[PDB]
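Remarks on the structure that follows.
Nothing in this text is a laboratory measurement; each read-out follows from the coordinates by a stated rule. Note that we place each Cβ from the backbone using ideal geometry, even for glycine, and neighbour counts take in every protein chain shown.
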Amino acid sequence: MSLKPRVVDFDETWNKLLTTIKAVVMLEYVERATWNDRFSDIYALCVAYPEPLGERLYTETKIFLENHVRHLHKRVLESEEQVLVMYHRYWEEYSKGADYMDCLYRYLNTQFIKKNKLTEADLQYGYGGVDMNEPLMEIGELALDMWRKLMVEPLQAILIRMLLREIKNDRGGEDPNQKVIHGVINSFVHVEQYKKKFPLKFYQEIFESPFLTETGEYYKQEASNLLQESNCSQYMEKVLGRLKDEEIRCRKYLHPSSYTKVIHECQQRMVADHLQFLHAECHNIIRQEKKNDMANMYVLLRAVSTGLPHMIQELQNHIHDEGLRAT
Amino acid sequence: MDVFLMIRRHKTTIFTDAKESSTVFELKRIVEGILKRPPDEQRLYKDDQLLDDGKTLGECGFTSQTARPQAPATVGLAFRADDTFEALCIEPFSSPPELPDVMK
Amino acid sequence: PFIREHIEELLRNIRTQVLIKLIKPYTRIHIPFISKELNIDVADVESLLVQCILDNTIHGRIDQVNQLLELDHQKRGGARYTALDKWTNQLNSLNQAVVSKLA
Amino acid sequence: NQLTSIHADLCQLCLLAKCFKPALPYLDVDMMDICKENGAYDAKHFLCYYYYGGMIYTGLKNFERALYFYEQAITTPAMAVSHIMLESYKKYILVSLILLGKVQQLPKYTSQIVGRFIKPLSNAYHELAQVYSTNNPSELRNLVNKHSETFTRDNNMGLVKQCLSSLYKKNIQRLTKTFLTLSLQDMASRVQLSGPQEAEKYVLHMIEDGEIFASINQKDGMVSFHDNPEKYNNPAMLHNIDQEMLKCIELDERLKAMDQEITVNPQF
Amino acid sequence: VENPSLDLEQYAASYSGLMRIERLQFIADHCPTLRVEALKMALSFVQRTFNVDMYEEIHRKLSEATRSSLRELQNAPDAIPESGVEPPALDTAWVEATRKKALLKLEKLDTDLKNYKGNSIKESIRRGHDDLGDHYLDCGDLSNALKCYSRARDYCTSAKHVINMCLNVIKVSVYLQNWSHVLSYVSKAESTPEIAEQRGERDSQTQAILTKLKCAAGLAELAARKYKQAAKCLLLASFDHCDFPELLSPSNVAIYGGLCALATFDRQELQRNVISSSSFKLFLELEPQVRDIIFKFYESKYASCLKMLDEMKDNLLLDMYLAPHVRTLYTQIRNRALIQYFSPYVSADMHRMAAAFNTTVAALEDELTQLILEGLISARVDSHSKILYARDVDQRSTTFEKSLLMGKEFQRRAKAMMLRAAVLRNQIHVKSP
Amino acid sequence: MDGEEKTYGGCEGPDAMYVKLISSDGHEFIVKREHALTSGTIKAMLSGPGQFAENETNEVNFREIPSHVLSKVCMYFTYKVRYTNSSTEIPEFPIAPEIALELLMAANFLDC
């Protein structure tokens, strides 16, 4: 081979190029002697012949990639009651496999079709089991578009339902399993690509929608039951440890892009609508000398927005009436 | 400040960085960790001339204008095939191919 | 020695106040006229008149060849004509910018 | 006062037949909005009209209109060099050197060929403005015999002769700002006129033309240099402003009709 | 001209390296009396850290001043260095000793630099870069000194490391005549320490940091003929550094800033800049000869202020950088004093102005010719009575005519624009070439 | 002669410190690992192939680049890495007319 345009044919290369790609995907090791020779074969093929071979190699690998992702989706559908543990192994094997394919095909993306999906916004492609064609994009971005068609299939009501169940379990403690729960959350964030507007529409419907509804309904039935059963001394200590563990759980499972959104819905069910009961018992705490009971009312009111000046006006009128009674 | 040299021996170059006026014995210790060979068997040469261990690179002719990073200087290498030196002469690079006459 | 270094500036500030109250009535006052009223020599009068005009305190011009302080009451204007020169320079550079956008 | 291909050919007839009388009513008033209906103009007619029109104002002692006419032929963009564009830049330096002392700068929308191809080729004209700033008649005479071969091959004979007498007139006006009543013998040293008798004859030519107002004092052997005692308070000056304002209100009305036409047609 | 009275101890102990040798050679080549002491002190600096480029150039000027009989130095030296002092001579066994000793010091410093890099210590590497940068300057390697200071930028961790590194690049950029690189480095050295630390160097200050950044930038702005920007930054520095090991002397910043602002500012601006500011008062108090210039310029005393200017011109000509600036700054101060003096007047007499400036009637007439074309005044020279009169035009003549000429060009350019846009409508573009 | 040196210092490293580049004429270009990070094709081989990033067997096989072309490529990697993160003089790189036409095709392949 040489840097000059040769006469390398397409049939004498696809038979060996497909063997190296198939033996390297799904987290598989390949020989270094064969991986180094793949870089010299792509450069000597696109420049060969008067017709550019870059437009044919991108369409040839697109058909094989569309028939491989759709075939692997049927295997996971056969196994039931274990979709939350198989999706992590499938995403981890596909993330490492697409990373090695994008590093090898880095020359084809910078030469043939350099634009991405920023100037395109087609809702028909990428959503649904389609094996025809795909929008023009890079190799590293083509694997992310083929991952959205696996969630639109009748399986979102099972994988998401079984994933939010372990997160809702907060009475036991932290943590049951971190490699499995976090392995599914990161698959919905990295799958988002660039479009004509903000890419906060698909991610907010397949993850941020069922999570904010099930979490708000769990803490609502827990704080309301502990208030009518336990006393005020035990109700304040129970909601403090649950809210502290929720912020730690979001730092190891969710993404920093949705930190203030999850903590806002959790505080809207613990201390929010029931402010008539917490503020009524706070008047008797400040009348005496209790350091442990007063500390539970300052931390809970600090997380709630526009809750700090409320306690200031109550403490001001308390010391004003106490000093007038002693005189 | 820093100078770069190449150690060629039978169509096998070795890129090793060193100082401008450093000891000759310090350069042989770097090749030991990459070739798994004792430093007493290697022999550094400069334009077909045996160097000394007590001297330095600045006293021979390794300056900043000669061993530039863009164009290093050739450093000879000789092992121990029996008791004396082994290699001494190397092979130059290949020639450029025929340029396309349609562009000229 | 502290107050001795400032005794010269205090004497010069008094001569400036008297010259203002005497130059208003007299239009073209004589140079030796202000020297006789102040009972001072003519050596420091020529040096004080230069500093008084440069300090934007005494208007007019000093004429040493005639010993007359010129004060043209009906002189040319300078408050309105100074604005027409700035309007011409701004409009000249503006015409070169609006014409360069059409090749 | 419209412009067309016929008006461009009328200026060429005045160049052959030396008679600038019919070219006065067609050039004293500015022209705008060419007559177009089915195609009757070209790019070569727009450059030949401004080049031929500048030669009429040059000989007619009208340097105020010659500078504007020669500036339009240079600002026109192009792709290469041409004979019209070369003669337009060479005459732009000789005209600006008579009024002021330095060549005027070019606008932003000018062609890049003038500053990359015409400028290095016109090295004989660029060096003439450098010596004119020093105001030295001894050094200016050496540049005429040196660049005599360039002025003959570019048919520029006669235009450079006006710059020789302009330096002597500029030195007299320069002494008016510095000096006031200079002697007749001292005026023949800076201007270099060889003898005081030649100084009294050169200052008399500027009085008839109206370039400067001076008075010769033969009783003392000196000459006085006074300014113009005109306060512009005559009633005739007010009529000139009212007559000049009648053309400004008409130019704005014509631009309003052209602006409404573009708004009707669709644009991006 | 030259001046035999000049202190060489302070002028040589201010800089080091190539600047100390170049500043001493310019004095001996210009002052014949201060030639033996200038070449003797310059040869003593070559003993410390030997070299081969600066040891053969100094001896070339000593042989031409003692052996040649065309100069005054002949009755004392007698064409031999054996005359009172014993300067280092140049023989056969000296050109080789000055080269082998300099190469031995380079091999010792280069070997120790490789050991400091293997210890993973960022403090030993940054310290070794300063010793190698100053060693290549005296030897003759001007390109090897910039490679050592550029590698020490990645080993910084404090504010003092950036200031010490940026000050070394300025010394190399001066010899390379890179005035643009000096102005781009003084801004980076002023934002990191936030102007003299974050509290002002505790309470009392012994060596101010702002003075170092303000003195290095004044040398590059003066050589670039920028008297307006150099006189606006030297007033913020205070006398709190006690000389300098490798910078300008504290006795020269008052002259560098005092002479630059005297030509670009009038009398009112001097009382608010170099007088009202308390930072510049400490520098002017050291040299009383510079403070009296501002006071004499405000009291309309141009007669005594001019005589004191030429008295100190012989001392400033002995320098290396201020010497070429004696023909551009002196002509601007004299021209500025004549404009401010003619402002209150309008009919000055030539007989009174010639006796005030210590001149004559023949020299006064020639000064008025260069004051109208170069100055911004408007005076008329009346040779019939030798009295500088004044004849100005009316205010309505220069205003109505200037506005009328602009109005004619406004209508001509507007009507000519319609002709260019007319051919652009019927699809007629450029078809001449 | 004088000066303290270091035995195990400088740029001494094991097999993972230096990489290997196989030419087309049989030459073996062994350079540092930090110098090969300028290109894109060589850096992609170290991150893969493959689930083994480091294994003391890193090598680069170039069947289209001979020996005279890779000779200037290895010198261009040292020139690019050394002349960064500083502010010193940058000399001109000597480029031959017969090599400039070959270096342009190698720069687009190496993504540098």
Search result, residues across the range E:279-307 that are more than 21 Å from the chain's Cα centre (by Cα) and surrounded by 14 or more Cβ atoms within 10 Å (Cβ to Cβ): E:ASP292, E:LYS296, E:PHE297, E:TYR298, E:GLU299, E:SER300, E:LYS301, E:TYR302, E:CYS305, E:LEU306
All positions within the range A:167-199 that are within 30 Å of A:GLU222 (Cβ to Cβ) and hydrophobic (A, V, I, L, M, F, W, C): A:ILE167, A:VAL180, A:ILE181, A:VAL184, A:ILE185, A:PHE188, A:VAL189
Those helices (runs of 4 or more DSSP H) lying entirely in the range E:94-190 with at least 3 residues in contact with a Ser or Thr (Cβ under 6 Å, 6 or more places away or on another chain): E:97-118, E:144-150
Residues of the range C:38-88 classified as at the interface with another protein chain (Cβ under 10 Å from one of its Cβ atoms), more than 22 Å from E:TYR389 (Cα to Cα) and β-branched (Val, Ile, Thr), total: 2
Selection from the range C:35-81 of residues that are more than 17 Å from the chain's Cα centre (by Cα), part of a helix (DSSP H, G or I) and surrounded by 13 or more Cβ atoms within 10 Å (Cβ to Cβ): C:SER35, C:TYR81
Conditions (1) closer than 28 Å to E:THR398 by Cα; (2) among the hydrophobic types (A, V, I, L, M, F, W, C); (3) within 14 Å of chain E (Cβ to nearest Cβ); (4) surrounded by 10 or more Cβ atoms within 10 Å (Cβ to Cβ): number failed by D:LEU246: (4)
Verdict on C:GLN96 being closer than 30 Å to E:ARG352 by Cα, at the interface with chain E (Cβ under 9 Å from one of its Cβ atoms) and of a type in the set (S, T, N, Q): no
Sole exception among (1) in a loop (DSSP other than H, G, I, E, B); (2) under 29 Å from C:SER93 (Cβ atoms) for D:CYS35, by number: (2)
Number of positions in the range A:1-46 that are without any contact (Cβ under 8 Å) to a residue 40 or more places away in the chain, more than 19 Å from F:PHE62 (Cα to Cα), within 34 Å of the chain's Cα centre (by Cα) and more than 11 Å from chain F (Cβ to nearest Cβ): 2
Counted residues, the range E:356-382 - those being part of a loop (DSSP other than H, G, I, E, B), away from chain D (no Cβ under 11 Å) and over 32 Å from the mean Cα position of the chain (by Cα): 1
Residue list for the range E:383-416, restricted to those being part of a loop (DSSP other than H, G, I, E, B), of a type in the set (S, T, N, Q) and surrounded by 15 or more Cβ atoms within 10 Å (Cβ to Cβ): E:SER383, E:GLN395
Helices (runs of 4 or more DSSP H) wholly inside the range E:299-352 that include at least 2 residues being among the basic types (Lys, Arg): E:330-342
Any hit, the range D:226-237, residues being out of contact with any strand residue (DSSP E or B) (no Cβ under 9 Å at 6 or more places or on another chain), part of a helix (DSSP H, G or I), surrounded by 11 or more Cβ atoms within 10 Å (Cβ to Cβ) and within 12 Å of chain E (Cβ to nearest Cβ): yes
Any chance D:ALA78 is of a type in the set (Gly, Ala, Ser), within 14 Å of chain E (Cβ to nearest Cβ) and surrounded by 16 or more Cβ atoms within 10 Å (Cβ to Cβ): yes
Test result for E:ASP310, within 19 Å of C:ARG12 (Cβ to Cβ), surrounded by fewer than 17 Cβ atoms within 10 Å (Cβ to Cβ) and of a type in the set (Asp, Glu): no
E:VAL430 vs. criteria part of a strand (DSSP E or B) and at the interface with chain D (Cβ under 7 Å from one of its Cβ atoms): no
Matching residues in the range A:275-317 - criterion: being touching a residue at least 24 places away in the same chain (Cβ under 8 Å), part of a helix (DSSP H, G or I) and exposed (fewer than 15 other Cβ atoms within 10 Å of the Cβ): A:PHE277, A:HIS283, A:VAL299, A:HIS310, A:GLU314, A:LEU315
Close pairs (6 angstrom Cβ cut-off, 6 or more residues apart or separate chains): within 19 Å of E:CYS31 (Cα to Cα) in the range E:67-95, of a type outside the set (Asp, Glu) and in a strand (DSSP E or B) anywhere: E:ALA76/E:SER83; E:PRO77/E:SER83
Any hit, the range E:11-20, residues being among the small types (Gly, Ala, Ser) and without any contact (Cβ under 8 Å) to a residue 60 or more places away in the chain: yes
Of the criteria (1) more than 24 Å from D:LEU255 (Cα to Cα); (2) in a helix (DSSP H, G or I), which one D:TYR50 fails: (1)
Condition check for A:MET137: buried (at least 16 other Cβ atoms within 10 Å of the Cβ), within 17 Å of A:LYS62 (Cβ to Cβ) and either of a type outside the set (S, T, N, Q) or in contact with a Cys (Cβ under 8 Å, 6 or more places away or on another chain) (or both): yes
Enumeration of residues in the range F:8-61 that are buried (at least 18 other Cβ atoms within 10 Å of the Cβ), free of Cβ contacts under 8 Å to residues at least 24 places away in the same chain and of a type in the set (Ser, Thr, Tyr): F:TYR18
Scope the range E:110-164; condition hydrophobic (A, V, I, L, M, F, W, C) and more than 10 Å from every other protein chain (Cβ to nearest Cβ); matching residues: E:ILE121, E:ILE125, E:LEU137, E:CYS139, E:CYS156, E:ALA159, E:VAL162, E:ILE163
Those helices (runs of 4 or more DSSP H) lying entirely in chain F with at least 1 residues within 14 Å of chain E (Cβ to nearest Cβ): F:68-82
Members of the range E:345-369 found to be within 26 Å of D:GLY221 (Cα to Cα), of a type outside the set (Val, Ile, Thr) and in contact (Cβ under 8 Å) with a residue 24 or more places away in the chain, listed by number: E:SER347, E:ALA348, E:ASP349, E:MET350, E:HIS351, E:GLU367
Filtered residue count, the range E:217-236, keeping only those that are of a type in the set (D, E, K, R), out of contact with any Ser or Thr (no Cβ under 9 Å at 6 or more places or on another chain) and in a helix (DSSP H, G or I): 1
Search result, residues across the range B:1-25 that are part of a helix (DSSP H, G or I) and out of contact with any strand residue (DSSP E or B) (no Cβ under 7 Å at 6 or more places or on another chain): B:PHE25
Residues of the range B:56-97 that turn out to be among the small types (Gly, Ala, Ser) and more than 14 Å from chain F (Cβ to nearest Cβ), as a count: 5
